[PDB]
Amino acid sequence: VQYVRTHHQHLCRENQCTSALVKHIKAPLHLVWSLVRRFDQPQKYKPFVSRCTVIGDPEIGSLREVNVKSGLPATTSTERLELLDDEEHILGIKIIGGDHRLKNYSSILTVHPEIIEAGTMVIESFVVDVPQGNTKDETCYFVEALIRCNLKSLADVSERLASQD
């Protein structure tokens, strides 16, 4: 699309991979945005987050500590809010630490209005270091699986709330 080139086509280092995922949601922008924007409450649509803690009211620079469910190669992740534009509908996160295999993970999510035939298009893209011993493809296929899980869930939650009002 037009938007992929604007925010989502990333230049990454040799030891890195990058990808972008698109999701269409039969819900209005305001529902979808007010779910993704909530930095201290990803567990509301992210299926693998069991717990999330943020000290103070969230602002740019804030850290969150997220605990993930059993069955994953990770138990905790520490994440920083890099960008949050309520007017342009842009969210930037960088994972800065924790239990897991994702070093230098950086993320940008954008939300856009679309066609009922009101809908919403969510694009999330990332960059991440390839762990020693894995390939670019392996790393990016796995991370994409996580993101698909998130955006599909975000879709379901959003469309559920839309049907109620």
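Numbers for residues come from their place in the sequence shown, where the first is 1.
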- Message: Neighbours in the displayed sequence, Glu117 and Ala118 may still hide a gap; how many deposited residues lack coordinates there, none, 1 to 3, 4 to 9, or 10 or more?
- Response: 1 to 3
- Item | Between 131-139 and 53-61 (mean CA B-factor, as deposited), the higher | 53-61
- Stretch exceeding the other in mean C-alpha B-factor - 34-42, 95-103: 95-103
- Query: Going by what the PDB entry lists, where does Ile123 fall on CA B-factor within its chain: lowest, middle or highest third?
  - Reply: lowest
- Taking the chain's C-alpha temperature factors as the reference, tell me which third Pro113 falls into: lowest, middle or highest. highest
- Task: Please rank the C-alpha B-factors of the chain's modelled residues and tell me whether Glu144 sits in the lowest, middle or highest third.
- Result: lowest
- Message: Split into thirds by Cα B-factor across the chain's modelled residues, where does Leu151 land: lowest, middle or highest?
- Response: lowest
